[PDB]
Amino acid sequence: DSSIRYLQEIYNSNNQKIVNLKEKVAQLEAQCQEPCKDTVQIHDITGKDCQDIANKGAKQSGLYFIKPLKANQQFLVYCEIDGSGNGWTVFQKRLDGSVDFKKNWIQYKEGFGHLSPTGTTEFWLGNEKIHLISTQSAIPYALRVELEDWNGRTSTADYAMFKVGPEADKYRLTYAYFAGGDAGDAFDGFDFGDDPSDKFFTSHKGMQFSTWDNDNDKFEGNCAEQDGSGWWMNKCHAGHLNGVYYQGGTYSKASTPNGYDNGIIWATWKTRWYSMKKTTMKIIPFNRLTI
Amino acid sequence: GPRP
Amino acid sequence: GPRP
Amino acid sequence: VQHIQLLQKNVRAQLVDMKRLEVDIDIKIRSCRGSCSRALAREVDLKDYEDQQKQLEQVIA
Amino acid sequence: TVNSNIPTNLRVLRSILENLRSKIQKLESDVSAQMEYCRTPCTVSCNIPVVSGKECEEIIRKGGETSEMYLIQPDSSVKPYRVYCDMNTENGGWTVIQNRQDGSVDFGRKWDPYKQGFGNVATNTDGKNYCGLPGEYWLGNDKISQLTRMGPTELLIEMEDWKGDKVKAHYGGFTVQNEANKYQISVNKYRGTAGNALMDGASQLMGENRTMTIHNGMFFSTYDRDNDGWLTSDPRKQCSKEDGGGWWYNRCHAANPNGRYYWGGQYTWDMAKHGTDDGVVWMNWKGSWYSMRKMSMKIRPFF
Ligand SMILES: *[C@@H]1O[C@H](CO[C@@H]2O[C@@H](C)[C@@H](O)[C@@H](O)[C@@H]2O)[C@@H](O[C@@H]2O[C@H](CO)[C@@H](O)[C@H](O)[C@H]2NC(C)=O)[C@H](O)[C@H]1NC(C)=O
Ligand SMILES: [Ca+2]
Ligand SMILES: [Ca+2]
């Protein structure tokens with residue numbers, strides 16, 4: 001009458017199944033040691049700028065470390081390589097209006113926003129960084145302003161001998177001449193029609209950088225505070241690439257808190273009351289657009 | 001833009 | 001914890 | 001005959017091992033959430049192990 | 001014998017024995033499922049912010065005032081790495097070196113993973129291109145030392161139970177030595193509500209028992225490297241084993257932030273793998289047998 005000992009057979013079947021289960025649990029532990037795979041990767045190649053990196057052997061556009069001559073320590077940038085050997089150094093980008101561009105002097109000096117390998121994030125590199133890249137010895141830099149509206153059209157604006165001054169000069173925007181492009185020369189000023197002095201007071205050529213906490217414009221009040229941005233303000237602007245992102249494009253005076261256009265504008269291409277969908281500011285050594 |  |  | 005007193009000692013060794021294994025597996029799964037695609041959603045049953053252990057306390061006494 | 005009654009003890013014996021088999025099958029199905037989910041790993045897209053500095057403190061002075069992942073470079077000689085920054089808690093500028101919130105990362109690893117750094121720095125906030133939420137990670141014993149020998153550095157240990165109560169453990173001076181000195185910890189100037197577990201030890205212990213739970217002046221110990229203040233001959237009788245993982249152990253701990261993550265909070269000796277009080281433990285607040293839901297360690301310059 002052995003109804004028992006049969007329970008020992010299942011007990012031996014259980015113990016054996018518990019022993020091998022612990023071995024399978026130990027196998028599971030080994031696969032759960034890795035962290036989450038980050039898509040964002042920094043490339044190993046470094047140099048003076050994105051062009052110097054492109055000369056070293058870099059092919060794809062992504063995130064790179066650069067170190068200018070007079071810079072204290074290296075910093076991250078987004079480089080654009082088109083396959084022709086050209087390496088653009090992007091310092092400003094606008095896409096969706098996710099990043100707020102109403103920032104102070106220190107935030108515009110050091111930089112704000114985010115840097116993506118795909119180039120789909122909004123950022124301002126920082127006035128201190130742009131100055132160190134642009135004012136490298138001998139060869140000057142060429143500024144390219146890429147603009148895109150909500151219809152799908154694209155326009156470019158080129159500027160020769162692009163230079164940003166030091167912090168002591170309040171980061172002054174200086175260039176030799178307007179190289180060309182279908183976007184037009186908005187840094188020269190625009191005749192809006194409101195006053196015969198519009199062309200003179202909307203020019204950005206030889207103008208100091210201005211934020212809400214640091215006023216350096218040719219206006220009695222504060223251009224950077226009224227428009228809510230950091231820009232080389234005059235009285236006040238014709239091109240306003242760091243402005244408020246208006247969804248759709250067309251915005252009226254009623255949408256503005258002050259009563260003065262503050263959207264991403266470029267008077268030479270579109271009207272005063274039109275905000276751009278995409279904006280890109282990138283620089284390259286001027287010898288690259290030669291031969 | 002411009003200021004009056 | 002403590003190991004006496 | 002006999003050979004039952006060893007079995008109640010045997011299941012006592014398993015219930016203290018399985019309850020320990022239940023928590024061990026629970027801790028070793030939620031650890032693949034920051035490693036693998038997804039973690040297996042599960043709820044811990046400690047009451048059933050404790051009530052079955054209290055059930056054997058009436059057996060021994 | 002006339003009334004040789006009970007096979008009820010055998011019927012109950014069979015009922016529990018068959019109940020265990022169903023649970024063995026249950027656990028077999030749970031482990032086998034995760035073996036398939038682990039063919040493909042989790043993915044994050046943490047886009048690096050433009051603003052950089054030497055630590056989460058230099059960033060907030062430069063203008064980084066949002067709590068997210070930041071890329072820091074303490075020194076030009078050392079490679080830049082990712083770290084989570086607390087910009088909201090107590091003026092901000094806190095460099096997160098340890099984080100516990102869920103159970104997504106194993107903290108029972110070797111000497112090498114603790115030396116280099118394991119876990120997830122930050123996870124993505126939904127609908128955003130940047131990683132604003134922190135993850136479970138140990139920064140790395142090599143990264144932390146430096147981050148304490150660059151100048152006067154303060155330590156903030158924050159923890160939360162499983163019902164919402166918050167307490168803090170703040171230390172004015174915090175320095176960890178290099179690998180040559182087995183990452184020896186030094187803490188001073190205590191302030192907080194959680195209880196002094198590092199300098200004083202456990203509150204519910206008297207005499208030598210409290211003294212052997214002191215963390216101040218102890219070496220770092222992982223389950224492959226015995227460096228604790230526990231003199232023994234048995235290989236199993238170690239503090240890193242039978243407990244969480246890598247921590248400045250003595251005999252053995254009053255605080256174990258790098259412990260096993262127990263769900264719910266309440267756990268007992270029979271639930272523990274070796275019988276000892278492993279897990280996220282801070283004895284000066286809840287005792288030995290309670291695991292914390294949240295546990296974070298963060299550092300900042302003391303100017
Ligand atoms: C240090 O603790 C030991 C062990 O006691 C254990 O831990 C305590 C904190 C408490 O949780 C107890 O329930 C645990 O048993 C003490 O060892 C004592 O040893 C004596 C003589 O061998 C014996 O009577 C008891 O087993 C122990 N407990 C006593 C006396 O309360 C020891 O006393 C503690 N050390 C000091 C300095 O108090
Ligand atoms: Ca003025
Ligand atoms: Ca030892």
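What counts as what
- Residues numbered from 1 in each chain as written, not as in the entry; some residues may be left out.
- Chains lettered and ligands numbered in written order.
- Heavy atoms only, no water.
- 1 Å grid on protein atoms, 1.4 Å probe; cavity = no way out; pocket = protein on both sides within 12 Å on 5 of 7 lines; lining within 4 Å.
- Points joined across faces, edges and corners; volume = space filled by probe spheres on them.
- Helix = DSSP H or I, 4+ residues; strand = E, 2+ residues; numbered from the N terminus.
- Nonpolar A, V, L, I, M, F, W, Y, C, P; charged D, E, K, R; others polar.
- Donors = N, O, S within 2.8 Å, 3.2 Å for Na, K, Ca; no water.
- Buried < 20%, exposed > 50% of the residue type's maximum accessible area, 1.4 Å probe, protein only.
- Contact = heavy atoms within 4.5 Å.
- Buried area = accessible area lost by both parts, 1.4 Å probe.
- Salt bridge = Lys/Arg side-chain N within 4 Å of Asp/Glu carboxyl O.
- Polar contact = N/O pair within 3.5 Å; in protein donor to acceptor, adjacent residues only side chain to side chain.
- Disulfide = S-S within 2.5 Å.
- Domains from an automatic or database assignment.
- Core = buried A, V, L, I, M, F, W, Y, C linked by side-chain atoms within 4.5 Å.
- Near = heavy atom within 4 Å.
- Areas by Shrake-Rupley, 256 points an atom, 1.4 Å probe, with all protein chains shown as cover.
- UniProt positions renumbered as here; feature names shortened; annotations may be inferred.

### Describing the layout of surface pockets
Rolled over the atoms, a probe with the dimensions of a water molecule shows which regions are left empty. The space that makes up the largest pocket amounts to roughly 1200 Å³. If you trace the largest pocket, you find 46 residues lining it, with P35 of chain A together with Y81, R82, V121 and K143 of chain E closest to the centre. Breaking the lining of the largest pocket down by element, the ones donating at least two residues are strand 1 (37-38) and strand 2 (42-47) of chain A together with strand 3 (69-72), strand 4 (81-86), strand 6 (118-119), strand 9 (137-138) and helix 4 (141-149) of chain E. Sorting elements by how many residues they give to the lining of the largest pocket places strand 2 of chain A first, with five residues. Within the lining of the largest pocket, the residues separate by chemical class into 23 nonpolar, 13 polar and 10 charged.

### Topic: the coordination of the calcium ion (ligand 3)
Residues and elements named next belong to chain E. Around the calcium ion (ligand 3), the protein contributes the donor atoms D226 (OD), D228 (O), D228 (OD) and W230 (O), at 2.7 to 3.1 Å from the metal centre. Look at where the donors of the calcium ion (ligand 3) fall in the sequence and you get D-x1-D-x1-W. Here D226 falls in the partly exposed class, since its relative accessible area comes to 39%.

### A closer look at the interface of chain E and chain D
Each partner contributes to the interface: chain E provides 38 residues, whereas chain D provides 42 residues. Carbon and sulfur atoms supply 61% of the area buried between chain E and chain D, which totals about 3600 Å² over both sides. The tally of links from chain E across to chain D stands at five salt bridges. Across the pair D24 of chain D and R260 of chain E runs a salt bridge whose closest N-O atoms are separated by 2.8 Å. Between chain E and chain D we count 13 residue pairs in polar contact in total. Looking at the side of chain E that touches chain D, its residues break down into 21 nonpolar, nine polar and eight charged.

### Points about the pattern of salt bridges
For the structure shown, the criterion picks out 45 salt bridges over all chains. With its nearest N and O atoms 3.7 Å apart, the salt bridge here joins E110 of chain A to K62 of chain E. Residue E110 of chain A is located in helix 3 (residues 105-110), and its partner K62 of chain E is located in helix 2 (residues 56-62); the two belong to separate chains. Residue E110 of chain A is classed as buried on the basis of its relative accessible area, which comes to 17%. We note a salt bridge from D165 of chain E to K163 of chain E, for which the minimum N-O separation is 3.6 Å.

### What about the state of the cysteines?
Following the criterion strictly, the structure yields eight disulfides over all chains and no others. With its sulfur 2.0 Å from that of its partner, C36 of chain A forms a disulfide with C42 of chain E. Note on the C36 of chain A and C42 of chain E pair: the S-S dihedral is about -100°, so by sign convention the disulfide is left-handed. Separated into two different chains, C36 of chain A in the loop between helix 1 (6-31) and strand 1 and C42 of chain E in the loop between helix 1 (8-37) and strand 1 (43-44) make up a pair that spans both. Each member of the pair, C36 of chain A as well as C42 of chain E, carries the same accessibility label: buried. A disulfide bridge connects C239 of chain E with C252 of chain E, and the sulfur atoms are separated by 2.0 Å. Because the sign of the S-S torsion sets the handedness, a value of about -70° for the bond joining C239 of chain E and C252 of chain E places this disulfide among the left-handed ones.

### A short note on the domain arrangement of chain A
All names here are of chain A. Entries for chain A in the domain assignment read domain 1 (1-40), domain 2 (41-183 + 278-288) and domain 3 (184-277). The distance between the C-alpha centroids of domain 1 and domain 2 comes to 57 Å. Between domain 1 and domain 2, the buried area comes to about 250 Å², and carbon and sulfur atoms account for 54% of it. The interface formed by domain 1 and domain 2 contains zero salt bridges. Taken together, the links from domain 1 to domain 2 amount to one residue pair in polar contact. Looking at side-chain class alone, the side of domain 1 that touches domain 2 contains one nonpolar, one polar and two charged residues.

### Brief notes about the nonpolar core
In terms of nonpolar packing, the biggest core is built from 74 residues, with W138, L155, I157, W248 and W282 of chain E touching the most fellow members. With five residues, strand 11 (residues 166-176) of chain E is the largest single contributor of residues to this core. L155 of chain E has contacts with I97, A169, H170, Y171, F174, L198, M297, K298 and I299 of chain E, leaving out every residue within four places of it along the chain. Counting 65 residues, the second-largest nonpolar core is a separate cluster that includes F65, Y141, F187 and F192 of chain A.

### Looking at the site of ligand 1
Taken together, the residues surrounding ligand 1 are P4 of chain C together with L205, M206 and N209 of chain E. The residues that come close to ligand 1 belong to more than one chain, namely chains C and E. Contact distances for ligand 1 include 2.4 Å between an oxygen atom and a side-chain N or O atom of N209 of chain E. Starting from 710 Å² of accessible surface for ligand 1 in isolation, the protein chains cover 21%. For the shell around ligand 1, a count of residues per class yields three nonpolar, one polar and no charged.

### Considering the UniProt feature "binding site: Ca(2+)" in chain A
All names here are of chain A. Under the UniProt annotation, "binding site: Ca(2+)" lies at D215, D217, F219 and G221. Structurally, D215 can be placed in the loop between strand 12 (207-208) and helix 6 (223-227). Among residues more than four places away in sequence, those in contact with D215 are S210, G221 and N222. Only 3.3 Å separates the side chain of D215 from the backbone nitrogen of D217, close enough to count as a polar contact. Within the fold, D217 resides in the loop between strand 12 and helix 6.

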